[PDB]
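Working notes for the structure below.
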Amino acid sequence: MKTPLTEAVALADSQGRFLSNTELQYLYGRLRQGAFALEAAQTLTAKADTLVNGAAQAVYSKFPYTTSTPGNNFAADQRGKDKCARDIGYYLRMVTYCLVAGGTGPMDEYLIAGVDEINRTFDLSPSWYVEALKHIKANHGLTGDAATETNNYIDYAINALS
Amino acid sequence: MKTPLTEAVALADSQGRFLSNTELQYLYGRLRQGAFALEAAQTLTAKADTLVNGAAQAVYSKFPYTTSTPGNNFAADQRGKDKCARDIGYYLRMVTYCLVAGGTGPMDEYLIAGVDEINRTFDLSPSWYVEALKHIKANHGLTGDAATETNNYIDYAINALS
Amino acid sequence: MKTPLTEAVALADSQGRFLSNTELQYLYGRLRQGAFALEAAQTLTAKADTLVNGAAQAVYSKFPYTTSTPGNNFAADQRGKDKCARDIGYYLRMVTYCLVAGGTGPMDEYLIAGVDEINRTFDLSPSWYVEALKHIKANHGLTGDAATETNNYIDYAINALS
Amino acid sequence: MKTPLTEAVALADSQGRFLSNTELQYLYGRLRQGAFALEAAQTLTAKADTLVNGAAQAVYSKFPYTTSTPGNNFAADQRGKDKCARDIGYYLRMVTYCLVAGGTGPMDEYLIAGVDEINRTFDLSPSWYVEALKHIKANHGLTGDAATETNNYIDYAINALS
Amino acid sequence: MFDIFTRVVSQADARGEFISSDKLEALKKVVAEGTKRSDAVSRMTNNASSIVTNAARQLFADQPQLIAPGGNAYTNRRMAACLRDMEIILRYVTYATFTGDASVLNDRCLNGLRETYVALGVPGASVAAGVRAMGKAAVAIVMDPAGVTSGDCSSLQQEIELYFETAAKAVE
Amino acid sequence: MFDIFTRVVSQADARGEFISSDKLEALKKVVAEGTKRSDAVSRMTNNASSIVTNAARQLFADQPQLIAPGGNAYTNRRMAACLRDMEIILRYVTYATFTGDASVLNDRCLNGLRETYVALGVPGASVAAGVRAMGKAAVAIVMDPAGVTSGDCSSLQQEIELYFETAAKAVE
Amino acid sequence: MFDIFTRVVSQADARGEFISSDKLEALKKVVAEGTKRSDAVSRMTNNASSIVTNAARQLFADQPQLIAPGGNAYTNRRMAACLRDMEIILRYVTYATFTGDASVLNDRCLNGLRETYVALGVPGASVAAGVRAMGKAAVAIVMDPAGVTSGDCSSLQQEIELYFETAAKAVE
Amino acid sequence: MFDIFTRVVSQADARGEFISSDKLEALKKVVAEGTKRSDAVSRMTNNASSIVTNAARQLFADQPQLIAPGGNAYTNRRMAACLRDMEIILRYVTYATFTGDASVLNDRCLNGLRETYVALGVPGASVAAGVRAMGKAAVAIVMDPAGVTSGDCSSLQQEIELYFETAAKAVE
Amino acid sequence: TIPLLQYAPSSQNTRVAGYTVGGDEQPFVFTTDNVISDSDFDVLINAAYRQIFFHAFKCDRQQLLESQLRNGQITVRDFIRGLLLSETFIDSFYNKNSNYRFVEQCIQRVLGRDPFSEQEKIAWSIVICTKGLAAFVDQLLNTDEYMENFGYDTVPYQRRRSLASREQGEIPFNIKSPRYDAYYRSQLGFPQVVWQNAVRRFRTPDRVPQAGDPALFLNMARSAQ
Ligand SMILES: CCC1=C(C)/C(=C/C2=NC(=C\c3[nH]c(/C=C4\NC(=O)[C@H](C)[C@H]4CC)c(C)c3CCC(=O)O)/C(CCC(=O)O)=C2C)NC1=O
Ligand SMILES: CCC1=C(C)/C(=C/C2=NC(=C\c3[nH]c(/C=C4\NC(=O)[C@H](C)[C@H]4CC)c(C)c3CCC(=O)O)/C(CCC(=O)O)=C2C)NC1=O
Ligand SMILES: CCC1=C(C)/C(=C/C2=NC(=C\c3[nH]c(/C=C4\NC(=O)[C@H](C)[C@H]4CC)c(C)c3CCC(=O)O)/C(CCC(=O)O)=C2C)NC1=O
Ligand SMILES: CCC1=C(C)/C(=C/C2=NC(=C\c3[nH]c(/C=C4\NC(=O)[C@H](C)[C@H]4CC)c(C)c3CCC(=O)O)/C(CCC(=O)O)=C2C)NC1=O
Ligand SMILES: CCC1=C(C)/C(=C/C2=NC(=C\c3[nH]c(/C=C4\NC(=O)[C@H](C)[C@H]4CC)c(C)c3CCC(=O)O)/C(CCC(=O)O)=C2C)NC1=O
Ligand SMILES: CCC1=C(C)/C(=C/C2=NC(=C\c3[nH]c(/C=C4\NC(=O)[C@H](C)[C@H]4CC)c(C)c3CCC(=O)O)/C(CCC(=O)O)=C2C)NC1=O
Ligand SMILES: CCC1=C(C)/C(=C/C2=NC(=C\c3[nH]c(/C=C4\NC(=O)[C@H](C)[C@H]4CC)c(C)c3CCC(=O)O)/C(CCC(=O)O)=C2C)NC1=O
Ligand SMILES: CCC1=C(C)/C(=C/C2=NC(=C\c3[nH]c(/C=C4\NC(=O)[C@H](C)[C@H]4CC)c(C)c3CCC(=O)O)/C(CCC(=O)O)=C2C)NC1=O
Ligand SMILES: CCC1=C(C)/C(=C/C2=NC(=C\c3[nH]c(/C=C4\NC(=O)[C@H](C)[C@H]4CC)c(C)c3CCC(=O)O)/C(CCC(=O)O)=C2C)NC1=O
Ligand SMILES: CCC1=C(C)/C(=C/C2=NC(=C\c3[nH]c(/C=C4\NC(=O)[C@H](C)[C@H]4CC)c(C)c3CCC(=O)O)/C(CCC(=O)O)=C2C)NC1=O
Ligand SMILES: CCC1=C(C)/C(=C/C2=NC(=C\c3[nH]c(/C=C4\NC(=O)[C@H](C)[C@H]4CC)c(C)c3CCC(=O)O)/C(CCC(=O)O)=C2C)NC1=O
């Protein structure tokens, strides 16, 4: 739960102090952010389906042993590729939620806290989702300020995975 | 030590993470603040001497028993009024520092933390500094956005005193 | 630092009481262990060089994209395969140390505590060392009780990696 | 509750790990112990009644002021000697339980934790039970391995009492 | 602890698809009215002390028992603690209209407060009257415009009346 | 926290005389079968991870809600915590068959677990199905012989089925 | 823990009069260049992981002892801890250029670090070489103008070289 | 905290190759003599209380100041604390001969003990005489053979004399 | 300012003396001064994590406190303070629970005992909202009960949970108090029914074959020649 407003409330709350001018600035600085952020969330919602299909294409082209070698984790048959579409769709949707909230807290809460044990026990190499997020950040084609926000955004995703 | 930048650093340190997207907005929102704030600090520096003299005039006119009754706390003689000029000059200077820093932390650190025991042991009624800050916030005559922020800033001063 | 003797000392220290009758048995039970364990450590020292070479053969035959795809982590050129010989030799040597000490503490201290971040940041898929330890536990050919102790042994290695 | 198995479980629970080679070593070392221990418990059960009667004889012969001086604690009349038969029978039975469990935990739980206040408030000099356990450890006549356990065993009893 | 942005996020996640366009018109107009919202909060905040003393002064004029001996707020630290509680309820309702959601209010302060006031012996209806009068002064302090740009501050007057009402009804 | 040796001890102490001969035949054959018992435990904990993932993979194939959004094990840390719970239940049932008594199992992990899963909102019947499938794989891993002398472990197959059953019925 | 705004504040307070006009031109141009400053920080922390692995991979190519047995970073947790330390030094130098002052860097991480590395037995010159190479890559991530509006950034490259240099010289 | 098995492990790791054959003959004969070692420890802790009172009774016969008024061990809790310290030193030397290494002894109890006894005002030479007499009685519980198999314990009587000597010289 | 309410203590296994002896039900005690090897730091750090966060994952672990404690400048009491004021504890425990349940959980995890009464959690719930979580944790650590039972250099534990010659002593408090309650799982809305009973397939009901049925001899005719 990291949005700038809840962190201002937590600071005032932890401190026990009443709301102040310092907290107030965040709200109209969340204007510099949000005035492009909601636009970028809508255009990502439009771009979404071709983004997951291209990311699945890039992951399969980078690592052919996934589509070749038979296994539960590997996408040899149909149902593995269905799991891949589910996983990359989850990643893109958490990027959209992270973009709308303004902070990494939805993404940090819904993805990052358990990804190390899941990648350890279920044999999911994180470099696959590295490929997927790099293909998304190359393919999304955001313009101006919104695009810059995503890079800081999607790089945080790769840094949590790597 | 409350400025928005040090609170962003404190949040990232307590959470042990690199500055995220939310922190970045913080400083360009400190642009919404600072682009008038430094102007208002300069014009307060110009207004300063007539502000303290008028505030001393208002405090003496509101409470004539200070200038009448002989005592150490009361400004009966010259040296008491010199202490009053010192105290209101300290208040105005902390307002200017609080305006330049962007948060209440200089004012909260240099004034607020000990004011209750000083007003208790030294017999300084805080309604005197209420009069002084109300006269300052009426007399400073700031224009547009700078004035409202200062008014909010001076209300925090009165709320700490009351 | 998990050997049965140091854990007996740690239990007696935490309770603040000198070794009881139960503590004494511990070491003559370390006889049921050690009377084969030192033999098995010697025969592993003899088997060692062909074990690492066969494990490198099995890892390269299981995953051909390592020897094919150019990368820093992958063993495309000579120096990558030299790093592989180093890594599997380290694994086999920690198995030998774990066998001589009697508990997992040398292996748990020298390998297990940092393997998750190293596999995360350096892109070393742990299923490679799964292949390596499975090939070692198939190829070592230990006799009787010594073989079973190692198996519980090498399964703990795979369970720490998976 | 000190048996070697429950201490192995307690160690594995406090560390949060699963069992190792050590657990197997611990219990097959409980074979070095138990293969004589259950025999010695049976032969103590056979020896028991003459052991308590001889221990009462030795305590009365060592300290004649117990059988002479009238008091509640002293065994002047019949009911005091009945209390003595009860107390030494309790001591011998805790020795048998301590022998069957494998560790001092039954004896340490059922006797040792309150013996200092009972000997303080009820005026029971512990040198009486020193005499009783020394007479038992001289009279039990267990050959070989059983004797070592008793000395290790019965000496722990005297060390808790002294 | 929920912003209305992450209210839309969590509801769309429990749904499990992207945020729809109708919610995006609503969130855009939330962004266009959040200006009003945030500093409506701070306007409510500045005289917060005078609001608290005026509501307590009115309450102890209405119920003379609470300053009578034997009353609940009679001795000096109990009276100071009652002022502390009224300040806390005002501060949390201020947080709630800053978040734009009553989730912080119902989540942080109101929930066990009902049981606390019953187990202490504290009257609840007196607190309800206090928070209601405090809310009236709160909007009016935030509603009347003195030296402020004319704006649509009426939207807040609605929601802050809702927040004070939830506070008073959850105290009971 | 009770070994079966100190089960006999505590029962004979609550009786208050020495351990009888019939209990000593029973304890001697316990000593002759504890060999089977202890390392039955360790071969159960040999493939404990693969057992845990196979039981969870079967469970989320049987109940597609728990990986569907809105389900109990949907988000990533809740799914990881569910894997943690299944590992914990397997580890404690492993401790219980090492002690030879279900007292460690009912004493250490099962008792408040029923109330914990009800108060969290966690389904209990899903856990019951998971521990049952996990127990089937557990005996068969131990039961199947790879590089081990043939022996009668029927009691072990027996008692570990009892322990997994007590775990699943106490979860409910 | 000092922002450059409160550096000017604390210096003017130790002086004891108002902030002069020359410091206000300087602070205004600080405000006009802080745009560059803040997100210079975030593009430095964009590739922070790849920067850390590249600097460590170069360091262990330059000094083959540290991955040789008997070296300081040889075993697996010591190597992971060294990666942790290099990440920490990069993160704190990132904080320092976000505050605009080296006070957070010298205050939070560098000061006892010299004594810590001496008392552990850790080489200091190896860390100095690592932070120097890391700083070169750090500005160049920052100095490069691709995919972004191009404006003079000769000040940030300057100050971040100063911050990395203070880090490496204070490690020693 | 070091077993002699992990002494060989840590020394071979700081070397960085496998354990040599000569160390394996040594460790095999360690395994053949550890039988003697472990229960040598427990027969030392058999009469540990009577050893402690006999050494203290001899010490206060040799130095009549310590039970004279004004002495260090004069009042009742100081005398009880001195008995506690002598029991602790015997127990840790017992741990050290159970581990087979003096690392637990020098690591757990001896190191700050010198400074503690100097800063308290406690005499150190009196403790040295106490641990020396205690060690003589300690081996002889072990050294004399009664109703048991004869053996070459000269090596071992050996090591416990070394451990008591390190204790007394590190107290000083 | 305003002092605490005076709440009378209630009877429990802690304020009583107890004649403790070395057994396993006694928690293994982890102390900074005697762990001095690098692995035993890992066991101590894992144990403190098991108490404060209940098996913290790698996301929850704080690198700075663990690093600084392995060097040894940090005291484990200050390490526990840093854990309680760390954001993963605040997020998991202070956010989701109310003030009263938070004080219940925090007293159980710092002091190692259940609070005496509900009025004690009520009396301690003033200070956290008025003075912050930092002042609450600081005032909790400064109390003499935490110091006499654990001290500077001891990871806390559940104190005297289990009495002698008991099968069970008490719930371990890691099982008893999780981070959610009923109130906040109601907000997350978790009991969505599994609904795998009585689906009522509409296909025609199977009828057991009557005596003399042709099918009865179907299964043997399939096996026959
Ligand atoms: C909301 C955040 C979220 C994440 C990150 C997530 C990861 C996740 N991926 C899973 C499976 C999977 N994910 C993949 C995807 C891949 N594996 C590969 O080898 C491909 C390269 C890659 C395709 C890009 C596959 C194949 C599985 C199947 C595992 C199995 O069937 O046992 C599972 C097991 C659940 C199941 O059985 O359906 C989880 C929890 N789940 C989540 O809910
Ligand atoms: C930087 C923040 C700061 C504050 C707030 C501050 C208050 C402050 N005011 C003081 C005195 C004073 N302040 C006053 C001023 C007044 N009293 C009245 O009755 C008038 C109504 C009012 C004039 C507005 C007077 C008369 C004293 C003299 C006390 C004495 O001489 O004993 C003193 C005693 C120090 C001294 O002896 O000079 C302190 C510490 N000092 C600080 O450094
Ligand atoms: C004592 C315990 C211990 C472990 C576990 C360990 C792992 C370890 N393996 C490493 C590298 C490596 N390990 C491998 C080995 C492999 N990678 C593959 O793709 C192959 C499938 C596999 C061969 C089996 C390779 C290729 C590297 C090179 C990484 C690089 O050059 O950047 C490194 C980086 C150190 C260096 O740069 O030399 C560490 C720390 N080191 C240790 O000291
Ligand atoms: C802690 C390290 C350790 C291990 C692992 C260990 C195992 C172990 N299992 C044994 C026997 C055995 N183990 C089994 C186990 C089984 N047979 C089956 O067919 C079943 C499926 C399965 C049980 C589920 C059997 C049947 C025997 C026969 C001998 C005996 O009763 O001990 C023995 C007897 C002595 C020997 O084999 O040399 C050993 C050593 N001993 C040790 O010291
Ligand atoms: C299971 C472990 C256990 C121990 C150790 C134990 C000691 C114990 N011995 C007691 C009494 C006694 N024990 C003795 C025995 C002796 N006193 C002497 O002077 C003789 C030398 C010695 C005979 C060997 C006597 C005479 C009493 C009687 C006290 C009385 O009647 O007030 C009592 C008082 C209970 C009662 O009134 O019957 C306790 C609790 N009880 C236990 O349940
Ligand atoms: C974060 C939300 C939160 C709330 C709301 C809260 C309330 C709260 N109110 C309390 C007392 C009190 N509450 C009142 C209330 C009043 N006086 C009256 O007569 C009226 C009926 C009412 C004023 C509205 C009084 C008099 C006390 C003091 C009773 C006492 O302390 O003995 C106490 C006992 C501690 C103390 O202050 O001595 C708590 C914990 N605590 C919290 O943490
Ligand atoms: C923290 C420093 C700060 C302040 C003070 C601030 C106030 C502020 N109030 C605004 C608007 C406004 N403010 C009001 C307020 C009201 N109108 C009424 O008639 C009511 C009586 C009253 C509320 C009770 C209104 C109606 C608007 C219209 C524009 C909007 O919705 O924001 C805006 C919109 C942008 C602009 O005016 O340039 C600003 C800047 N912004 C800041 O950055
Ligand atoms: C020593 C014994 C012991 C047990 C058993 C135990 C259970 C336990 N399970 C929990 C959560 C959980 N338990 C599950 C369970 C499952 N997921 C499903 O969908 C299935 C119905 C079921 C798998 C069988 C889930 C999803 C959570 C996470 C809920 C949450 O944390 O929000 C929590 C809350 C803390 C957390 O992990 O976040 C505890 C304390 N704790 C203990 O100390
Ligand atoms: C906030 C600032 C801060 C810093 C900087 C810090 C450093 C720090 N580095 C440490 C270890 C370490 N530091 C290194 C360093 C390196 N490896 C090499 O070979 C090179 C010479 C160098 C890489 C630059 C190594 C190998 C260790 C592990 C030594 C050990 O833990 O045994 C430790 C001991 C704890 C541990 O990680 O095991 C601390 C406290 N702690 C802090 O709190
Ligand atoms: C946190 C999300 C975020 C980002 C990323 C951001 C970046 C950002 N960089 C800007 C400007 C700029 N950024 C640069 C940066 C550079 N030019 C060079 O040639 C150098 C190599 C390089 C520095 C090393 C320059 C030169 C400008 C010119 C305008 C200005 O001074 O701000 C501006 C001014 C407003 C605009 O471009 O619309 C934005 C928005 N703003 C945001 O809100
Ligand atoms: C924990 C319970 C336990 C004990 C007590 C124990 C002792 C023990 N000491 C033994 C041997 C022995 N013990 C000694 C000891 C000595 N001889 C001397 O003359 C010296 C003075 C003295 C050493 C200071 C010797 C010489 C042997 C010969 C056999 C061997 O080397 O083990 C053996 C060999 C097997 C047997 O005797 O049946 C046993 C059992 N075993 C156990 O399971």
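Convention: chains lettered A, B, ... in structure tokens order; per-chain residue numbering from 1; ligands numbered from 1 as shown.
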
* Please give me, as a PyMOL selection string, the residues lying within 6 Å of ligand 2 when counting only C-alpha atoms and all ligand atoms. => chain B and resi 66+72-75+80+83-84+87+90+110-111+124+128

Dump as a PDB file, in the first residue's frame, selection limited to N, CA, C and O atoms:
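Saved to result.pdb:
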```pdb
ATOM      1  N   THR B  66       0.190  44.410  30.523  1.00  0.00           N
ATOM      2  CA  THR B  66       1.607  44.145  30.303  1.00  0.00           C
ATOM      3  C   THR B  66       2.459  45.387  30.423  1.00  0.00           C
ATOM      4  O   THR B  66       3.500  45.369  31.093  1.00  0.00           O
ATOM      5  N   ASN B  72       8.776  40.783  35.970  1.00  0.00           N
ATOM      6  CA  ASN B  72       9.866  40.315  35.121  1.00  0.00           C
ATOM      7  C   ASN B  72       9.357  39.892  33.755  1.00  0.00           C
ATOM      8  O   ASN B  72       9.974  40.204  32.731  1.00  0.00           O
ATOM      9  N   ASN B  73       8.238  39.170  33.720  1.00  0.00           N
ATOM     10  CA  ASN B  73       7.689  38.721  32.446  1.00  0.00           C
ATOM     11  C   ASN B  73       7.078  39.874  31.663  1.00  0.00           C
ATOM     12  O   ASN B  73       7.245  39.963  30.440  1.00  0.00           O
ATOM     13  N   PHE B  74       6.381  40.772  32.351  1.00  0.00           N
ATOM     14  CA  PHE B  74       5.699  41.878  31.702  1.00  0.00           C
ATOM     15  C   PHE B  74       6.695  42.908  31.190  1.00  0.00           C
ATOM     16  O   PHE B  74       7.762  43.119  31.770  1.00  0.00           O
ATOM     17  N   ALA B  75       6.332  43.558  30.092  1.00  0.00           N
ATOM     18  CA  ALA B  75       7.171  44.584  29.487  1.00  0.00           C
ATOM     19  C   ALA B  75       6.854  45.964  30.056  1.00  0.00           C
ATOM     20  O   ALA B  75       6.411  46.861  29.337  1.00  0.00           O
ATOM     21  N   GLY B  80      12.061  44.721  29.064  1.00  0.00           N
ATOM     22  CA  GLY B  80      10.977  43.809  28.741  1.00  0.00           C
ATOM     23  C   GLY B  80      10.509  43.958  27.306  1.00  0.00           C
ATOM     24  O   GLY B  80      10.303  42.964  26.608  1.00  0.00           O
ATOM     25  N   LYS B  83      12.960  42.344  25.092  1.00  0.00           N
ATOM     26  CA  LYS B  83      12.686  40.911  25.046  1.00  0.00           C
ATOM     27  C   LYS B  83      11.507  40.603  24.134  1.00  0.00           C
ATOM     28  O   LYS B  83      11.490  39.565  23.462  1.00  0.00           O
ATOM     29  N   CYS B  84      10.509  41.491  24.097  1.00  0.00           N
ATOM     30  CA  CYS B  84       9.370  41.277  23.207  1.00  0.00           C
ATOM     31  C   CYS B  84       9.766  41.396  21.747  1.00  0.00           C
ATOM     32  O   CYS B  84       9.296  40.617  20.908  1.00  0.00           O
ATOM     33  N   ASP B  87      11.490  38.214  20.914  1.00  0.00           N
ATOM     34  CA  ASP B  87      10.616  37.049  20.789  1.00  0.00           C
ATOM     35  C   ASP B  87       9.816  37.083  19.488  1.00  0.00           C
ATOM     36  O   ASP B  87       9.748  36.077  18.770  1.00  0.00           O
ATOM     37  N   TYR B  90      12.060  36.443  16.574  1.00  0.00           N
ATOM     38  CA  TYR B  90      12.322  35.014  16.474  1.00  0.00           C
ATOM     39  C   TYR B  90      11.164  34.290  15.805  1.00  0.00           C
ATOM     40  O   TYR B  90      11.381  33.407  14.967  1.00  0.00           O
ATOM     41  N   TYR B 110      12.605  24.352  16.079  1.00  0.00           N
ATOM     42  CA  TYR B 110      13.227  25.480  16.757  1.00  0.00           C
ATOM     43  C   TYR B 110      12.280  26.167  17.733  1.00  0.00           C
ATOM     44  O   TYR B 110      12.732  26.937  18.584  1.00  0.00           O
ATOM     45  N   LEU B 111      10.975  25.925  17.629  1.00  0.00           N
ATOM     46  CA  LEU B 111      10.024  26.624  18.487  1.00  0.00           C
ATOM     47  C   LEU B 111       9.106  25.723  19.286  1.00  0.00           C
ATOM     48  O   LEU B 111       8.822  26.017  20.449  1.00  0.00           O
ATOM     49  N   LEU B 124       4.708  33.140  30.458  1.00  0.00           N
ATOM     50  CA  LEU B 124       4.449  33.781  29.181  1.00  0.00           C
ATOM     51  C   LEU B 124       3.152  33.219  28.622  1.00  0.00           C
ATOM     52  O   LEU B 124       3.122  32.081  28.151  1.00  0.00           O
ATOM     53  N   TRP B 128      -0.559  36.014  23.898  1.00  0.00           N
ATOM     54  CA  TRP B 128       0.252  37.117  23.408  1.00  0.00           C
ATOM     55  C   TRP B 128       0.836  36.806  22.035  1.00  0.00           C
ATOM     56  O   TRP B 128       0.693  37.595  21.092  1.00  0.00           O
TER      57      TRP B 128
END
```

Could you give me, as a tab-separated table, a per-residue list for chain I showing, wherever an atom lies at most 9 Å from an atom of chain H, the closest pair of atoms and their distance in Å to one decimal, using only C-alpha atoms and sorting by chain then residue number from low to high?
```
residue	atom	partner	partner_atom	distance
I:33	CA	H:108	CA	8.5
I:34	CA	H:108	CA	6.0
I:35	CA	H:1	CA	7.9
I:36	CA	H:1	CA	7.6
I:37	CA	H:1	CA	6.9
```

Take the residues that were just selected and, keeping N, CA and C atoms, output them as an mmCIF file, in the first residue's frame.
```cif
data_model
loop_
_atom_site.group_PDB
_atom_site.id
_atom_site.type_symbol
_atom_site.label_atom_id
_atom_site.label_comp_id
_atom_site.auth_asym_id
_atom_site.auth_seq_id
_atom_site.Cartn_x
_atom_site.Cartn_y
_atom_site.Cartn_z
ATOM 1 N N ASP I 33 25.633 -12.395 22.638
ATOM 2 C CA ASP I 33 26.995 -12.390 23.151
ATOM 3 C C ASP I 33 27.694 -13.714 22.910
ATOM 4 N N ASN I 34 26.932 -14.794 22.852
ATOM 5 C CA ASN I 34 27.568 -16.088 22.760
ATOM 6 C C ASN I 34 27.410 -16.757 21.399
ATOM 7 N N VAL I 35 26.891 -16.058 20.384
ATOM 8 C CA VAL I 35 26.636 -16.701 19.094
ATOM 9 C C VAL I 35 27.858 -16.648 18.197
ATOM 10 N N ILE I 36 28.962 -16.120 18.681
ATOM 11 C CA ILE I 36 29.966 -15.344 17.947
ATOM 12 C C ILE I 36 30.398 -15.802 16.523
ATOM 13 N N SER I 37 29.934 -16.968 16.044
ATOM 14 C CA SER I 37 30.209 -17.464 14.693
ATOM 15 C C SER I 37 29.125 -16.995 13.732
#
```

* Asked: Within 9 Å of ligand 4, counting only C-alpha atoms and all ligand atoms, which protein or nucleic acid residues do you find, written as a PyMOL selection string?
  -> (chain C and resi 29+32-33+144-152) or (chain D and resi 20-29) or (chain F and resi 32-44+139-146+148-154+156-157)

* Return as a ChimeraX atom specification the residues of protein, DNA or RNA that approach ligand 6 to within 7 Å, with only C-alpha atoms and all ligand atoms taken into account. => /E:66,71-73,78-79,81-83,85-86,88-89,108-110,113,116-117,120,122-124,126-127,130 /I:2,4-5,99,122-123,125-126,129

* Counting only C-alpha atoms, chain A residues within 10 Å of chain F, as a ChimeraX atom specification -> /A:109-118,121-122

Show me which bits of chain A are within 8 Å of chain C, counting only C-alpha atoms, as a short mmCIF file (atom, residue, chain, number, x, y, z; two decimals) with N, CA, C and O atoms, in the first residue's frame.
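Result file follows (out-v9.cif):
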```cif
data_model
loop_
_atom_site.label_atom_id
_atom_site.label_comp_id
_atom_site.auth_asym_id
_atom_site.auth_seq_id
_atom_site.Cartn_x
_atom_site.Cartn_y
_atom_site.Cartn_z
N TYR A 65 13.96 -23.72 -25.78
CA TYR A 65 13.89 -24.93 -24.97
C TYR A 65 12.62 -24.98 -24.13
O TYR A 65 12.27 -26.05 -23.63
N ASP A 116 10.09 -14.71 -5.02
CA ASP A 116 11.34 -15.44 -4.85
C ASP A 116 11.09 -16.91 -4.52
O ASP A 116 11.73 -17.79 -5.09
N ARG A 120 11.56 -20.16 -6.91
CA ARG A 120 12.45 -21.20 -6.40
C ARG A 120 11.79 -22.57 -6.43
O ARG A 120 12.40 -23.56 -6.85
N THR A 121 10.53 -22.66 -5.99
CA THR A 121 9.91 -23.96 -5.81
C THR A 121 9.26 -24.46 -7.08
O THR A 121 9.19 -25.68 -7.32
N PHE A 122 8.77 -23.56 -7.92
CA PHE A 122 8.03 -23.97 -9.11
C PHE A 122 8.88 -23.98 -10.37
O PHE A 122 8.34 -24.27 -11.44
N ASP A 123 10.18 -23.67 -10.26
CA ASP A 123 11.11 -23.66 -11.39
C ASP A 123 10.66 -22.71 -12.50
O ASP A 123 10.48 -23.10 -13.65
N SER A 125 12.16 -19.52 -14.11
CA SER A 125 13.32 -18.64 -14.21
C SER A 125 12.86 -17.21 -14.42
O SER A 125 12.08 -16.94 -15.34
N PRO A 126 13.31 -16.27 -13.59
CA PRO A 126 12.79 -14.90 -13.69
C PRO A 126 13.25 -14.16 -14.93
O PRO A 126 12.65 -13.13 -15.28
N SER A 127 14.27 -14.67 -15.63
CA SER A 127 14.74 -14.02 -16.85
C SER A 127 13.70 -14.11 -17.96
O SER A 127 13.71 -13.31 -18.90
N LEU A 161 12.60 -8.44 -10.02
CA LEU A 161 12.74 -9.80 -10.52
C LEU A 161 14.19 -10.24 -10.54
O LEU A 161 14.51 -11.37 -10.18
N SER A 162 15.09 -9.36 -10.97
CA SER A 162 16.51 -9.69 -10.99
C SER A 162 17.12 -9.50 -9.61
O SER A 162 16.49 -8.95 -8.71
#
```

* Asked: What is the distance, in Å and to one decimal place, between CA of residue 221 (chain I) and CA of residue 204 (chain I)?
  ->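 Taking CA of residue 221 (chain I) and CA of residue 204 (chain I), their separation equals 26.1 Å.
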